[PDB]
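First, one chain by itself in structure tokens, the form deposited without the ligand.
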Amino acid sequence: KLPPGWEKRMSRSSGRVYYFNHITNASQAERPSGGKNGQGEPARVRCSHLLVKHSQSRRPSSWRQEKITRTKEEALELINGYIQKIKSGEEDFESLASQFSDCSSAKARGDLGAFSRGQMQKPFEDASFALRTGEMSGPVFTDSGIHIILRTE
């Protein structure tokens, strides 16, 4: 049971029961499924993303600032904030991606087009193919920094 990467978990020092995906780092209160077998994964997918660079990205620079100085910690803080804000319904992925993504793909509301495996940085790729159409990732780390991924196709 439960699609690839999912497992029921619980918060430490707390009792909240939630479902976590080890591949996408995504969290949610709703059970990820309610049968299909040998389905596998998509041969190709289309995703959008929001990148938050920190002082340790392979390129600590973006169209937002010539020199990124924030730390990973601070970058993760910014990420969780955007996710929380997206999940609450106070903001939409597209608008936050266009405003605060350090990836030049911001001009296209964070849209990266379609790609297959072997095209994106491994950790990014792995999350992308573990997502189902319409699902958003949790904090995903790469050399570029930390991302939030939304699969659209």
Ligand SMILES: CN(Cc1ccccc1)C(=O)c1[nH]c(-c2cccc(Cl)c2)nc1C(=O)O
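Residue numbers here begin at 1 and follow the sequence given.
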Continuity check for residue 34 and residue 35, given as deposited residues lacking coordinates between them: 4 to 9
Mean B factor on CA atoms, stretches 35-43 and 112-120, record says higher is 35-43
Mean Cα B-factor comparison, 137-145 or 7-15, giving the higher one as deposited: 7-15
Please pick out which of 57, 48, 28, 88 has the largest Cα B-factor as recorded in the entry. 57
Split the chain's modelled residues into thirds by Cα B-factor; residue 70 lands in the middle
Which third, lowest, middle or highest, does the CA B-factor of residue 105 fall in along this chain? middle
Report the third (lowest, middle or highest) to which the CA temperature factor of residue 62 belongs, ranking only the modelled residues of the same chain. highest
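Below, we turn to the form solved in complex with the ligand, even though it does not appear here.
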Contact check, 133-152 vs the ligand in the deposited complex, heavy atom within 4.5 Å, ordered by sequence, gives 142, 143, 144, 147
